[PDB]
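Visitor: Sharing data_9.pdb below, PDB, C-alpha atoms:
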```pdb
ATOM      1  CA  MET A   1     179.500 236.727 115.268
ATOM      2  CA  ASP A   2     178.404 239.641 117.571
ATOM      3  CA  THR A   3     177.199 237.978 120.861
ATOM      4  CA  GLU A   4     175.761 241.268 122.322
ATOM      5  CA  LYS A   5     173.364 241.302 119.279
ATOM      6  CA  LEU A   6     172.518 237.591 119.807
ATOM      7  CA  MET A   7     171.923 238.377 123.521
ATOM      8  CA  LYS A   8     169.628 241.392 122.878
ATOM      9  CA  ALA A   9     167.603 239.258 120.367
ATOM     10  CA  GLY A  10     167.349 236.684 123.211
ATOM     11  CA  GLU A  11     166.215 239.296 125.842
ATOM     12  CA  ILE A  12     163.502 240.609 123.450
ATOM     13  CA  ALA A  13     162.467 237.048 122.423
ATOM     14  CA  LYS A  14     162.308 236.266 126.225
ATOM     15  CA  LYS A  15     160.082 239.335 127.049
ATOM     16  CA  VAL A  16     157.563 238.970 124.198
ATOM     17  CA  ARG A  17     157.442 235.218 124.946
ATOM     18  CA  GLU A  18     156.339 236.029 128.542
ATOM     19  CA  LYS A  19     153.817 238.763 127.430
ATOM     20  CA  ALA A  20     152.475 236.237 124.808
ATOM     21  CA  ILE A  21     151.651 233.727 127.659
ATOM     22  CA  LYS A  22     149.734 236.515 129.548
ATOM     23  CA  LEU A  23     147.673 237.346 126.357
ATOM     24  CA  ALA A  24     146.974 233.571 125.716
ATOM     25  CA  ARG A  25     143.403 233.762 127.194
ATOM     26  CA  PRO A  26     140.358 231.768 125.891
ATOM     27  CA  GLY A  27     138.517 233.841 123.215
ATOM     28  CA  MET A  28     141.840 235.560 122.276
ATOM     29  CA  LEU A  29     141.656 235.915 118.468
ATOM     30  CA  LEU A  30     144.835 234.189 117.113
ATOM     31  CA  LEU A  31     145.356 236.934 114.445
ATOM     32  CA  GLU A  32     145.371 239.639 117.217
ATOM     33  CA  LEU A  33     147.825 237.650 119.435
ATOM     34  CA  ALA A  34     150.445 237.295 116.582
ATOM     35  CA  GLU A  35     150.081 241.027 115.655
ATOM     36  CA  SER A  36     150.336 242.074 119.383
ATOM     37  CA  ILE A  37     153.554 240.007 119.859
ATOM     38  CA  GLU A  38     155.212 241.120 116.574
ATOM     39  CA  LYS A  39     154.293 244.771 117.410
ATOM     40  CA  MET A  40     155.900 244.343 120.894
ATOM     41  CA  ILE A  41     159.076 242.817 119.236
ATOM     42  CA  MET A  42     159.476 246.039 117.128
ATOM     43  CA  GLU A  43     158.832 248.388 120.102
ATOM     44  CA  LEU A  44     161.741 246.680 122.008
ATOM     45  CA  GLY A  45     163.983 247.510 118.964
ATOM     46  CA  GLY A  46     163.742 243.986 117.517
ATOM     47  CA  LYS A  47     162.704 242.828 114.036
ATOM     48  CA  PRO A  48     161.009 239.371 113.801
ATOM     49  CA  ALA A  49     163.310 236.489 112.639
ATOM     50  CA  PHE A  50     160.061 234.970 111.219
ATOM     51  CA  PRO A  51     156.241 235.166 111.646
ATOM     52  CA  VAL A  52     155.300 233.981 115.188
ATOM     53  CA  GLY A  53     154.242 230.278 115.301
ATOM     54  CA  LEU A  54     150.868 229.755 117.064
ATOM     55  CA  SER A  55     150.439 225.988 116.414
ATOM     56  CA  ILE A  56     147.603 224.124 118.286
ATOM     57  CA  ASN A  57     147.451 220.383 119.194
ATOM     58  CA  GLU A  58     147.832 217.965 116.204
ATOM     59  CA  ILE A  59     149.334 221.053 114.420
ATOM     60  CA  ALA A  60     153.122 220.962 115.199
ATOM     61  CA  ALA A  61     154.500 224.205 113.518
ATOM     62  CA  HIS A  62     154.403 226.763 110.634
ATOM     63  CA  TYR A  63     150.971 228.051 111.600
ATOM     64  CA  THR A  64     150.972 231.846 111.756
ATOM     65  CA  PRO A  65     147.682 233.740 111.167
ATOM     66  CA  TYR A  66     146.427 235.658 108.082
ATOM     67  CA  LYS A  67     144.102 238.734 107.904
ATOM     68  CA  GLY A  68     140.574 237.207 107.909
ATOM     69  CA  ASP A  69     141.779 234.371 110.175
ATOM     70  CA  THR A  70     139.150 233.923 112.939
ATOM     71  CA  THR A  71     140.894 231.015 114.751
ATOM     72  CA  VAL A  72     140.452 231.909 118.456
ATOM     73  CA  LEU A  73     142.113 230.207 121.471
ATOM     74  CA  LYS A  74     139.782 227.645 123.176
ATOM     75  CA  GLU A  75     140.492 226.543 126.840
ATOM     76  CA  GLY A  76     142.202 223.069 126.978
ATOM     77  CA  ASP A  77     144.107 223.922 123.689
ATOM     78  CA  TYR A  78     147.843 222.992 123.714
ATOM     79  CA  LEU A  79     149.159 226.238 122.072
ATOM     80  CA  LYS A  80     152.780 226.225 120.788
ATOM     81  CA  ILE A  81     154.092 229.876 120.660
ATOM     82  CA  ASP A  82     157.372 229.935 118.591
ATOM     83  CA  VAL A  83     158.851 233.500 118.797
ATOM     84  CA  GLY A  84     161.765 234.664 116.660
ATOM     85  CA  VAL A  85     163.750 237.945 116.937
ATOM     86  CA  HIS A  86     166.888 239.176 115.078
ATOM     87  CA  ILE A  87     169.332 242.104 115.642
ATOM     88  CA  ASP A  88     171.259 242.969 112.403
ATOM     89  CA  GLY A  89     170.788 239.211 111.470
ATOM     90  CA  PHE A  90     171.548 237.649 114.894
ATOM     91  CA  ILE A  91     168.786 235.316 115.978
ATOM     92  CA  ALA A  92     166.851 234.245 119.044
ATOM     93  CA  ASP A  93     164.413 231.328 118.408
ATOM     94  CA  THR A  94     162.380 230.386 121.541
ATOM     95  CA  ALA A  95     159.093 228.490 122.109
ATOM     96  CA  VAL A  96     156.637 227.436 124.878
ATOM     97  CA  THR A  97     153.503 225.287 124.921
ATOM     98  CA  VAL A  98     150.585 226.543 127.105
ATOM     99  CA  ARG A  99     147.268 224.801 127.897
ATOM    100  CA  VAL A 100     145.162 227.935 127.333
ATOM    101  CA  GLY A 101     143.419 228.987 130.630
ATOM    102  CA  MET A 102     144.720 225.861 132.517
ATOM    103  CA  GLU A 103     147.686 224.373 134.516
ATOM    104  CA  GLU A 104     150.833 222.677 133.010
ATOM    105  CA  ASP A 105     150.383 218.919 132.116
ATOM    106  CA  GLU A 106     152.807 215.856 132.210
ATOM    107  CA  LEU A 107     153.132 216.076 128.338
ATOM    108  CA  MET A 108     154.038 219.797 128.552
ATOM    109  CA  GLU A 109     156.488 218.725 131.361
ATOM    110  CA  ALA A 110     158.115 215.901 129.248
ATOM    111  CA  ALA A 111     159.133 218.550 126.607
ATOM    112  CA  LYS A 112     160.309 221.358 128.996
ATOM    113  CA  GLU A 113     162.322 218.792 131.011
ATOM    114  CA  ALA A 114     163.861 217.457 127.733
ATOM    115  CA  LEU A 115     165.031 221.067 127.009
ATOM    116  CA  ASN A 116     166.755 221.422 130.450
ATOM    117  CA  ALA A 117     168.214 217.878 130.073
ATOM    118  CA  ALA A 118     169.869 218.943 126.763
ATOM    119  CA  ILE A 119     171.193 222.315 128.042
ATOM    120  CA  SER A 120     172.949 220.901 131.187
ATOM    121  CA  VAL A 121     174.617 218.290 128.919
ATOM    122  CA  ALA A 122     175.831 220.797 126.251
ATOM    123  CA  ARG A 123     179.525 221.892 126.333
ATOM    124  CA  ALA A 124     181.767 222.468 123.296
ATOM    125  CA  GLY A 125     183.304 219.013 122.552
ATOM    126  CA  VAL A 126     179.981 217.078 123.072
ATOM    127  CA  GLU A 127     178.621 215.125 120.021
ATOM    128  CA  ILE A 128     174.980 216.212 119.186
ATOM    129  CA  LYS A 129     173.662 212.601 119.550
ATOM    130  CA  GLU A 130     174.297 213.047 123.355
ATOM    131  CA  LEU A 131     171.674 215.867 123.508
ATOM    132  CA  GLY A 132     169.470 213.520 121.430
ATOM    133  CA  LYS A 133     169.628 210.768 124.097
ATOM    134  CA  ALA A 134     169.039 213.437 126.812
ATOM    135  CA  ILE A 135     165.773 214.546 125.097
ATOM    136  CA  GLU A 136     164.533 211.062 123.993
ATOM    137  CA  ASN A 137     164.745 209.725 127.634
ATOM    138  CA  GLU A 138     162.913 212.655 129.412
ATOM    139  CA  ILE A 139     159.954 212.278 126.935
ATOM    140  CA  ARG A 140     159.886 208.419 126.712
ATOM    141  CA  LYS A 141     160.459 207.703 130.467
ATOM    142  CA  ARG A 142     157.230 209.793 130.955
ATOM    143  CA  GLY A 143     155.596 207.296 128.464
ATOM    144  CA  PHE A 144     155.389 209.883 125.583
ATOM    145  CA  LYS A 145     156.776 209.764 121.962
ATOM    146  CA  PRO A 146     159.237 212.400 120.639
ATOM    147  CA  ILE A 147     158.685 213.756 117.045
ATOM    148  CA  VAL A 148     161.620 212.273 115.110
ATOM    149  CA  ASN A 149     161.609 214.367 111.831
ATOM    150  CA  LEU A 150     161.094 217.794 113.630
ATOM    151  CA  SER A 151     164.201 218.843 115.667
ATOM    152  CA  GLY A 152     166.335 221.740 116.843
ATOM    153  CA  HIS A 153     168.845 223.175 114.286
ATOM    154  CA  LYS A 154     172.098 225.226 114.041
ATOM    155  CA  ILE A 155     171.543 229.007 113.624
ATOM    156  CA  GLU A 156     173.849 231.412 111.763
ATOM    157  CA  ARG A 157     173.573 235.101 110.899
ATOM    158  CA  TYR A 158     170.548 235.784 108.585
ATOM    159  CA  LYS A 159     170.366 231.926 108.344
ATOM    160  CA  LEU A 160     167.618 230.533 110.647
ATOM    161  CA  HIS A 161     168.105 226.813 109.543
ATOM    162  CA  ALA A 162     171.923 226.590 109.097
ATOM    163  CA  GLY A 163     171.718 222.856 108.503
ATOM    164  CA  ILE A 164     172.615 220.683 111.538
ATOM    165  CA  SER A 165     169.612 219.359 113.524
ATOM    166  CA  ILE A 166     169.778 218.781 117.296
ATOM    167  CA  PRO A 167     167.669 215.661 116.842
ATOM    168  CA  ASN A 168     165.120 214.601 119.551
ATOM    169  CA  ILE A 169     166.541 210.968 119.592
ATOM    170  CA  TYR A 170     169.899 209.115 119.947
ATOM    171  CA  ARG A 171     171.270 208.165 116.510
ATOM    172  CA  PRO A 172     174.600 206.242 116.510
ATOM    173  CA  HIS A 173     175.992 208.301 113.524
ATOM    174  CA  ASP A 174     174.827 211.838 114.646
ATOM    175  CA  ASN A 175     178.523 212.539 115.280
ATOM    176  CA  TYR A 176     178.769 216.385 114.963
ATOM    177  CA  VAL A 177     180.968 217.946 117.695
ATOM    178  CA  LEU A 178     179.575 221.156 119.276
ATOM    179  CA  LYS A 179     182.189 223.914 118.788
ATOM    180  CA  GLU A 180     183.105 226.984 120.817
ATOM    181  CA  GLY A 181     180.837 229.567 119.067
ATOM    182  CA  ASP A 182     178.133 227.304 117.573
ATOM    183  CA  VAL A 183     174.638 228.919 117.966
ATOM    184  CA  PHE A 184     171.761 226.326 118.140
ATOM    185  CA  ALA A 185     167.993 226.156 118.747
ATOM    186  CA  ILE A 186     167.205 223.097 120.944
ATOM    187  CA  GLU A 187     163.473 222.290 120.235
ATOM    188  CA  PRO A 188     162.098 219.106 121.738
ATOM    189  CA  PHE A 189     158.615 218.198 120.452
ATOM    190  CA  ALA A 190     156.557 215.492 122.303
ATOM    191  CA  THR A 191     153.191 213.872 121.333
ATOM    192  CA  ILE A 192     150.701 211.057 122.302
ATOM    193  CA  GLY A 193     150.503 210.499 118.487
ATOM    194  CA  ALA A 194     152.901 208.504 116.222
ATOM    195  CA  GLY A 195     155.980 210.774 116.845
ATOM    196  CA  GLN A 196     156.293 211.890 113.189
ATOM    197  CA  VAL A 197     154.909 214.917 111.172
ATOM    198  CA  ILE A 198     153.897 215.615 107.527
ATOM    199  CA  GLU A 199     152.975 218.704 105.475
ATOM    200  CA  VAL A 200     149.315 219.746 104.995
ATOM    201  CA  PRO A 201     147.840 223.002 103.683
ATOM    202  CA  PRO A 202     147.945 225.766 104.002
ATOM    203  CA  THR A 203     151.378 227.366 103.224
ATOM    204  CA  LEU A 204     151.095 230.572 105.380
ATOM    205  CA  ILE A 205     154.873 231.201 105.551
ATOM    206  CA  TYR A 206     157.521 231.539 102.814
ATOM    207  CA  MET A 207     161.286 232.254 102.427
ATOM    208  CA  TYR A 208     163.340 233.930  99.630
ATOM    209  CA  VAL A 209     166.257 231.614  98.570
ATOM    210  CA  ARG A 210     167.416 232.407  94.978
ATOM    211  CA  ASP A 211     166.515 234.991  92.318
ATOM    212  CA  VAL A 212     165.411 233.316  89.097
ATOM    213  CA  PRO A 213     163.937 234.354  85.729
ATOM    214  CA  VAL A 214     160.343 235.527  86.445
ATOM    215  CA  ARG A 215     158.575 236.171  83.128
ATOM    216  CA  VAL A 216     155.424 237.712  84.829
ATOM    217  CA  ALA A 217     155.548 241.455  85.807
ATOM    218  CA  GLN A 218     153.273 241.090  88.928
ATOM    219  CA  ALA A 219     155.478 238.236  90.390
ATOM    220  CA  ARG A 220     158.869 239.898  89.617
ATOM    221  CA  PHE A 221     157.787 243.122  91.444
ATOM    222  CA  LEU A 222     156.493 241.016  94.417
ATOM    223  CA  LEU A 223     159.848 239.105  94.604
ATOM    224  CA  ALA A 224     161.622 242.563  94.650
ATOM    225  CA  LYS A 225     159.489 243.774  97.620
ATOM    226  CA  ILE A 226     160.035 240.388  99.421
ATOM    227  CA  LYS A 227     163.876 240.678  99.020
ATOM    228  CA  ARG A 228     163.820 244.390 100.130
ATOM    229  CA  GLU A 229     161.581 243.938 103.258
ATOM    230  CA  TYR A 230     162.407 240.303 104.306
ATOM    231  CA  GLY A 231     165.517 238.990 102.505
ATOM    232  CA  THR A 232     166.491 235.400 103.362
ATOM    233  CA  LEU A 233     164.440 235.171 106.591
ATOM    234  CA  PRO A 234     160.964 233.579 106.460
ATOM    235  CA  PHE A 235     157.844 235.827 106.060
ATOM    236  CA  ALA A 236     154.042 235.443 106.573
ATOM    237  CA  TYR A 237     151.456 235.651 103.744
ATOM    238  CA  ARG A 238     149.800 237.809 106.506
ATOM    239  CA  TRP A 239     152.496 240.640 106.178
ATOM    240  CA  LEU A 240     152.122 240.988 102.336
ATOM    241  CA  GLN A 241     148.264 240.895 102.579
ATOM    242  CA  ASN A 242     147.947 244.618 103.640
ATOM    243  CA  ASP A 243     148.427 246.023 100.049
ATOM    244  CA  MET A 244     147.569 244.055  96.807
ATOM    245  CA  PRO A 245     144.300 242.106  96.179
ATOM    246  CA  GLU A 246     144.368 238.772  98.154
ATOM    247  CA  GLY A 247     143.704 236.739  94.941
ATOM    248  CA  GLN A 248     146.531 238.200  92.859
ATOM    249  CA  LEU A 249     148.692 237.809  96.053
ATOM    250  CA  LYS A 250     148.050 234.031  96.506
ATOM    251  CA  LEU A 251     148.665 233.506  92.745
ATOM    252  CA  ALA A 252     151.987 235.497  92.608
ATOM    253  CA  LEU A 253     153.309 233.581  95.677
ATOM    254  CA  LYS A 254     152.455 230.157  94.062
ATOM    255  CA  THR A 255     153.879 231.540  90.753
ATOM    256  CA  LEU A 256     157.199 232.381  92.532
ATOM    257  CA  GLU A 257     157.116 229.074  94.573
ATOM    258  CA  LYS A 258     156.821 227.270  91.149
ATOM    259  CA  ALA A 259     159.928 229.070  89.673
ATOM    260  CA  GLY A 260     161.793 228.240  92.939
ATOM    261  CA  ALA A 261     162.606 231.855  93.889
ATOM    262  CA  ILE A 262     160.633 231.439  97.178
ATOM    263  CA  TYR A 263     159.992 228.151  99.073
ATOM    264  CA  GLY A 264     157.001 227.544 101.388
ATOM    265  CA  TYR A 265     156.994 226.485 105.073
ATOM    266  CA  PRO A 266     153.631 224.640 104.956
ATOM    267  CA  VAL A 267     151.786 223.679 108.185
ATOM    268  CA  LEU A 268     153.052 220.469 109.838
ATOM    269  CA  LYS A 269     150.459 218.104 111.441
ATOM    270  CA  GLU A 270     151.426 215.214 113.786
ATOM    271  CA  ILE A 271     150.591 212.226 111.584
ATOM    272  CA  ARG A 272     148.071 210.428 113.932
ATOM    273  CA  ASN A 273     146.603 213.849 115.042
ATOM    274  CA  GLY A 274     148.725 213.416 118.225
ATOM    275  CA  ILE A 275     148.355 216.488 120.481
ATOM    276  CA  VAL A 276     151.898 218.070 120.314
ATOM    277  CA  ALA A 277     154.054 220.135 122.781
ATOM    278  CA  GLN A 278     157.250 222.175 122.035
ATOM    279  CA  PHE A 279     159.893 224.088 124.108
ATOM    280  CA  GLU A 280     162.800 225.919 122.367
ATOM    281  CA  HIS A 281     165.810 227.881 123.699
ATOM    282  CA  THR A 282     168.657 229.367 121.628
ATOM    283  CA  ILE A 283     172.111 228.553 123.145
ATOM    284  CA  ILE A 284     175.628 229.713 122.321
ATOM    285  CA  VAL A 285     177.988 226.747 122.859
ATOM    286  CA  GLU A 286     181.073 227.674 124.943
ATOM    287  CA  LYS A 287     183.973 225.537 126.353
ATOM    288  CA  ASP A 288     182.490 223.962 129.606
ATOM    289  CA  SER A 289     178.852 225.276 129.461
ATOM    290  CA  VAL A 290     176.424 227.284 127.248
ATOM    291  CA  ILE A 291     174.854 230.751 127.193
ATOM    292  CA  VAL A 292     171.047 230.531 126.953
ATOM    293  CA  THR A 293     170.301 233.576 124.713
ATOM    294  CA  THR A 294     166.542 233.237 125.409
ATOM    295  CA  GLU A 295     166.407 232.427 129.221
TER     296      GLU A 295
END
```
Using structure tokens, write down the structure from this file.

Guide:
Amino acid sequence: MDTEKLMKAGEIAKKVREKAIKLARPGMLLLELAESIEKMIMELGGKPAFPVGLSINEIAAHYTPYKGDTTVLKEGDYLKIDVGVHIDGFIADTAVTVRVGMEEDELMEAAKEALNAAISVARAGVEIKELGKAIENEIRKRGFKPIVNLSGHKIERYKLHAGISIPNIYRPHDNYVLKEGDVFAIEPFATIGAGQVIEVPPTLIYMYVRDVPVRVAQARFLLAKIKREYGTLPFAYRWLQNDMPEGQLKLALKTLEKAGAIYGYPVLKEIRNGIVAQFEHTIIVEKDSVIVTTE
């Protein structure tokens, strides 16, 4: 569980996060932003843990651009930038919301404050529901609604979602005890909407899980490439686009998705088109406080 790797990932995540806020100017082509960031991650000796999330407003997460994407940042836009970096499989997951070409807002504040609230509170020994309460309050007591079914999550090596949420609400039977050595993304989301998200198209992001019989030559070969370049970390449709006709690409991906070799990370929309804000730090739990990998 090499911490120095985890830390580097965090430093790099931290840098490119900051650069990403500088480049978040109105008329900034969303495609170009993502490419700029991911480029800068690889310069600093990082590989991306996943395609960079550039989710806007009602859109909560799992938007990354494609080639041909013309989405462009418009002033007043609440832009969630979710950056991920890994060092030989050791992960830094960090996120900020920014009102493009504008000052911070009380909604943006509710989320960032929820993050700090959780981090202060976190020691080894603490039950995760305690961090839940911490977040819930910050967001509510500013008269906002936290997104219930989109949370933080345990991180392990080459395993981005390692299957224990740090939920954004108190739940009596969220009883997990934070351990010396646990890595965890704390992501509060807040919205003026319902406080709940669902899936909508497109599916712009994908993850290898399992190899499976693939009858079709085109799809088998694509699965091979995917495993070689990306393994069991998520990947953008965008990255594969380069080579291979876009039609035969989209079909292969759905053909693999069907067989259950790859699974999609489709876009998530806040269910009442509630404008949504996010702030994420990676933390390593330790005895009487926590490292913050990405601060």

Visitor: Which one is closest to residue 243 in chain A: A:67, A:111, A:31, A:99? Count only C-alpha atoms.

Guide: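 Closest to residue 243 in chain A, using only C-alpha atoms: A:67.
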
Visitor: Check which residues satisfy the PyMOL selection byres ((chain A and resi 278-289) around 6) in the file shown, then give them as an NGL selection string.

Guide: :A and (92-97 or 112 or 123-124 or 180-189 or 277 or 290-294)

Visitor: Between CA of residue 63 in chain A and CA of residue 203 in chain A, what is the spacing in Å?

Guide: 8.4 Å

Visitor: Quick one: pull the distance between CA of residue 150 in chain A and CA of residue 138 in chain A, Å, one decimal.

Guide: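 Those two atoms sit 16.7 Å apart.
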
Visitor: Would you kindly return, as a short mmCIF file (atom, residue, chain, number, x, y, z; two decimals) with C-alpha atoms, keeping the file's coordinate frame, each protein, DNA or RNA residue with an atom no farther than 8 Å from any atom of range 247-263 of chain A, considering all atoms listed in the file and excluding same-chain residues fewer than 6 positions away?

Guide:
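Listed below is the output, selection_5.cif:
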```cif
data_model
loop_
_atom_site.label_atom_id
_atom_site.label_comp_id
_atom_site.auth_asym_id
_atom_site.auth_seq_id
_atom_site.Cartn_x
_atom_site.Cartn_y
_atom_site.Cartn_z
CA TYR A 206 157.52 231.54 102.81
CA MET A 207 161.29 232.25 102.43
CA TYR A 208 163.34 233.93 99.63
CA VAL A 209 166.26 231.61 98.57
CA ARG A 210 167.42 232.41 94.98
CA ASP A 211 166.52 234.99 92.32
CA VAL A 212 165.41 233.32 89.10
CA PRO A 213 163.94 234.35 85.73
CA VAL A 214 160.34 235.53 86.44
CA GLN A 218 153.27 241.09 88.93
CA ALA A 219 155.48 238.24 90.39
CA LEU A 222 156.49 241.02 94.42
CA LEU A 223 159.85 239.10 94.60
CA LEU A 240 152.12 240.99 102.34
CA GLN A 241 148.26 240.90 102.58
#
```

Visitor: Do you have the CA of residue 131 in chain A-CA of residue 264 in chain A distance handy?

Guide: 29.0 Å

Visitor: Using only C-alpha atoms, which protein or nucleic acid residues come within 10 Å of residue 197 in chain A? Drop anything in the same chain fewer than 6 positions from it, and give the result as an NGL selection string.

Guide: :A and (58-61 or 147-150 or 267-274)

Visitor: Give as an MDAnalysis selection string the residues that the PyMOL selection byres ((chain A and resi 29) around 8) matches when applied to the coordinates above.

Guide: chainID A and resid 27:28 30:33 70:73

Visitor: Enumerate, as a list in words, the residues matched when the PyMOL selection byres ((chain A and resi 165) around 10) is run on the file above.

Guide: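 So the PyMOL selection byres ((chain A and resi 165) around 10), applied here, picks out residues 128, 129, 132, 149, 150, 151, 152, 153, 154, 155, 161, 162, 163, 164, 166, 167, 168, 174, 176, 184, 185, 186 and 187 of chain A.
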
Visitor: Can you write out the residues you just picked, keeping C-alpha atoms, as an mmCIF file, in the coordinates of the input?

Guide:
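File again.cif, as written:
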```
data_model
loop_
_atom_site.group_PDB
_atom_site.id
_atom_site.type_symbol
_atom_site.label_atom_id
_atom_site.label_comp_id
_atom_site.auth_asym_id
_atom_site.auth_seq_id
_atom_site.Cartn_x
_atom_site.Cartn_y
_atom_site.Cartn_z
ATOM 1 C CA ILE A 128 174.980 216.212 119.186
ATOM 2 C CA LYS A 129 173.662 212.601 119.550
ATOM 3 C CA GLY A 132 169.470 213.520 121.430
ATOM 4 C CA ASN A 149 161.609 214.367 111.831
ATOM 5 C CA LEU A 150 161.094 217.794 113.630
ATOM 6 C CA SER A 151 164.201 218.843 115.667
ATOM 7 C CA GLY A 152 166.335 221.740 116.843
ATOM 8 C CA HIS A 153 168.845 223.175 114.286
ATOM 9 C CA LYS A 154 172.098 225.226 114.041
ATOM 10 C CA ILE A 155 171.543 229.007 113.624
ATOM 11 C CA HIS A 161 168.105 226.813 109.543
ATOM 12 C CA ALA A 162 171.923 226.590 109.097
ATOM 13 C CA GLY A 163 171.718 222.856 108.503
ATOM 14 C CA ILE A 164 172.615 220.683 111.538
ATOM 15 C CA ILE A 166 169.778 218.781 117.296
ATOM 16 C CA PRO A 167 167.669 215.661 116.842
ATOM 17 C CA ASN A 168 165.120 214.601 119.551
ATOM 18 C CA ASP A 174 174.827 211.838 114.646
ATOM 19 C CA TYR A 176 178.769 216.385 114.963
ATOM 20 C CA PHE A 184 171.761 226.326 118.140
ATOM 21 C CA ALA A 185 167.993 226.156 118.747
ATOM 22 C CA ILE A 186 167.205 223.097 120.944
ATOM 23 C CA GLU A 187 163.473 222.290 120.235
#
```
